[PDB]
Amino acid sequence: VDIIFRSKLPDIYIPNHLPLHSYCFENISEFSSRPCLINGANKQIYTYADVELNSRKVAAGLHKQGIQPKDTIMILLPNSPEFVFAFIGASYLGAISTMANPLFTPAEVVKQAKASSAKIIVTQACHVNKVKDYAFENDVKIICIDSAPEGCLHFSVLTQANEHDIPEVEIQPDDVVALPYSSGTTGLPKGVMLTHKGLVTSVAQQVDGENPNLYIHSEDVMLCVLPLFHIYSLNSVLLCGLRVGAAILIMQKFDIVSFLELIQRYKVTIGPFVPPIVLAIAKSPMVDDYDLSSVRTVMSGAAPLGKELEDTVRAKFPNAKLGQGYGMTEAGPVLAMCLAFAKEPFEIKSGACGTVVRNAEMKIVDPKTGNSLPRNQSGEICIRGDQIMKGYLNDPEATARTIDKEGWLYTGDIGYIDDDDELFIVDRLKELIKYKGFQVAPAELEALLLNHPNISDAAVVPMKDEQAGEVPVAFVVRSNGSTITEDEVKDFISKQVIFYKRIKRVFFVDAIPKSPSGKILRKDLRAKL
């Protein structure tokens, strides 16, 4: 029998039959006039009424541009009001947003555009070159938020549409609304189908209930420095923020001065961070010149945090409850959330990544035997609930290997749950590398390396790094007679991938250690490194 773990919070009613926009704006009448989005770039403020109206206008505009229910748009933008309007606009149409890092290489953007069948790409003028040829050859519309080059439209073509022209639509709970990409537990990035039902469930698990797990209210100011094109910010900052009527303070890029100035100036109360930001707060001499006493909740997620950096937060944010959230794109994303963040807070331990969310089930499974494990025993973390993905787009085989027929998602993460129902992640079974919280799929890099005429075999694994958490490193077997150097391997990769996917070290070996099936012995390589 499976040994099942649950939240210390009771299950709540979740209205996950509601479309995502209907749910997130369910209580909008209570805070219609309140600030919703604050753009750090220009200090422009949109109210809740503004954001709902602009999203509806954009929905009508997208319809006019040919977006029908179940069609997909690609958002290729930094954090911005336009990102939000495009995302919520598509939701109103029963359509799908796929989201991508605007700093991706042309090849990376186009691969995702093709895989997702995006009909429109929403971007900035400076990135049109990345997609223009592909878009022309495939009649993909390009919409620019700043200025429109030839063969492109301006975003005003969407915002100038009449909100009353949103077509009648019957959106279903299992309809897809968001399509972030993730490599999951092995292989290449895949389209994660996140549904209305799924995202409503995930948001509710965090912010709804008499005692919400993550207590945020309509007088809070939440920093949005994490990228909205990744699921952590998209769900836990934007969607959760909207649901409770919080103000969301958007930053386009991290820089330490702007970060500190915005916190102090706007009296930021919620700080959703990742470990590199925590480390920057730890190290920067200028931090002591700022008043950070407004911050009442600091969360770290996306990568392990550690003890030294937890001490940093305590010292630098004297009024804050500090803790972690643990998510995975396929999981909706939140698996566990620090109960110190609750309206009636629970005691927590350092190094814990939270307690499994309410309205969900967790088990810990031994990879060797397949047996479910009791408390205080490490194994693979698995989760079950309405919040998880529908599956991978056009990839039932990968879906079947990732979520079983009893509804269990296998995370590829190793951890244990203690007597206080606190979850600790201790290792990663899956091949995924995390650079500053960003996914680096070694299979992608390995495919590139094997394409080189002078490389016989290759394996990409994480190496521990202070600044980035992990960096990708390559073990490379040179072809016979090859003299390819570390720098030459690095340059070959660097010309083809976004910065964070870059190989930081190459180790040249005679053979890549492999299992008798033909699979890389990655744990052995990590032990060596």
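Think of the rigid core as the biggest set of C-alphas that the two forms share within 1.5 Å after superposition. Sequential numbering from 1, following the sequence displayed.
The segment moving more, judged by mean Cα distance from this form in 5 other deposited structures of this protein after a core overlay, is 281-289 among 281-289 and 117-125. For 447-455 versus 226-234, the mean Cα distance to the shown form in 5 other deposited structures of this protein after rigid core alignment is larger for 447-455. Looking at mean Cα B-factors across 463-471 and 26-34, the upper value is held by 463-471. The mean C-alpha temperature factor is higher for 130-138 when 130-138 and 235-243 are set side by side. Across the options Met286, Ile270, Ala178, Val203, the residue with the most elevated CA B-factor in the record is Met286. Across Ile512, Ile14, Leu9, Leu20, the entry's maximum B-factor at the CA atom is seen for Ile512. Residue-level temperature factors show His196 in the lowest third of its chain, judged at the C-alpha atom. Per-chain ranking of the deposited C-alpha B factor places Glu422 in the middle third. Split the chain's modelled residues into thirds by C-alpha temperature factor. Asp208 is in the lowest one. Among all modelled residues in this chain, the alpha-carbon of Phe83 has a temperature factor (C-alpha) in the lowest third. When the CA B factors of the chain's modelled residues are split into thirds, the value for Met328 lands in the lowest one.
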